[PDB]
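Single chain ahead, written as structure tokens, the form deposited in one PDB entry.
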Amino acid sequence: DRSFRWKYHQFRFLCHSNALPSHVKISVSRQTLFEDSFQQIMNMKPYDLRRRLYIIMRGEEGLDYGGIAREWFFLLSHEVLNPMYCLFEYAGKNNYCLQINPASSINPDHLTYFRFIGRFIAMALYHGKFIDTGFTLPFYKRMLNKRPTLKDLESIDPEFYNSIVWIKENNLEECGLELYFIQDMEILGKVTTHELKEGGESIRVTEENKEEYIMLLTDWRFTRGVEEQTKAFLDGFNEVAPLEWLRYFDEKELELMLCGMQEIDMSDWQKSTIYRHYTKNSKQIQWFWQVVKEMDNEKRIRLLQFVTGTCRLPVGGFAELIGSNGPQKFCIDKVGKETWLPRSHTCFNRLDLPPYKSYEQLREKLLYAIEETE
């Protein structure tokens, strides 16, 4: 209800007033990083990781220990994505949508690595350090115990999302589709079928149990093949930092607490923006671009999360923006009627901006949907 600054300040007090004295020593090499950090952190106690990080970069000349701290958290946040560990996959090309690999069991100790990552993420939040692993917003929603919605499906699996749109808005009794309350699952060539409800192996989906079947299938997509691994991550995280400490945050604020912010050069953002049904001179967009100028970079980067799904830009700027099909630039269009709000589609980096009446209307209704919707 309150602002992000208050949520940040209150969370900093919890870590300050619950910190053990002295320091922990962690020594790593450039080439051993993942597996020195895995051994030493998983051999320490959860509460021990709460004492000052005294990182030893073997081979270097240790001076600035805050910078090696910022460095070690960033480099390790990218070393957990190594294909050799089979812990993570991507729902799209060019590293779009980072989600847990359901085939992580091919790593026999995988639950022990996920408990390790949970601790590593908790250490970053506890010590005010940032990561860049690239967890999706539904992943942060699970940490906040928020239930993933239908909108989140369009962010991680648009084709799965289009199937549920089609089911909801079509009388499937005319179109003639036998659907039951079941779902298959191929993990490592082993095909398994999950029952959505009690005895769903036998129950057709009709016009009546449809909206139910929709609440079920959505919840299955966010949990299938990842129940083990998610439990390991949260258990290791809760050991170091209690999960209740994040009760005030939302999924977009939690990403800010873990990834940080950049100043968003919109001389770049403006020139790398395409449109439907609009011109670069439509008084709508001439208003929109002037709104985003008066924004501070709090809400500027919140607009990025609302439209693109994350707060992190690619290294190439806004020209190398990637969607669920590959390179996809920032886009705005004429979608929605006058008494709507800005809705988005993160898989396309699209901002459905209805043609508003006045700048007063558009500065007012934009910031609300940016700050109160998803």
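In this text, rigid core is short for the largest set of C-alphas that superpose within 1.5 Å between two forms. The numbering used is simple: start at 1 and walk along the sequence shown.
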Missing coords for residue 176 in a third or more of other PDB entries: yes
Please check residue 227 against the other PDB entries of this protein that were compared: is it missing in at least a third of those that model both its neighbours? no
Of the two stretches 80-88 and 277-285, which shows the higher Cα B-factor on average in the entry? 277-285
Could you check which stretch, 156-164 or 134-142, carries the larger mean CA temperature factor in the entry? 156-164
Reading the B-factor column of the entry, which of 259, 75, 97, 177 has the highest value at its C-alpha atom? 177
Taking the Cα B-factors listed in the entry, which of 115, 302, 224, 293 comes out highest? 293
Going by the entry, which third of its chain does the Cα temperature factor of residue 190 land in? highest
Third of chain Cα B-factors occupied by residue 39: middle
Lowest, middle or highest third: where is residue 65 by C-alpha B factor in its chain? highest
Pull the Cα B-factor of residue 12 out of the PDB entry and bin it into the chain's lowest, middle or highest third. lowest
Quick check on the deposited entry: does the C-alpha B-factor of residue 231 sit in the lowest, middle or highest third of its chain? lowest
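As for the form deposited in another entry, it is not shown, yet the points below apply to it.
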Superposing the core, which one of 214, 75, 177, 144 shows a C-alpha shift reaching 2 Å or more between this form and the one not shown? 177
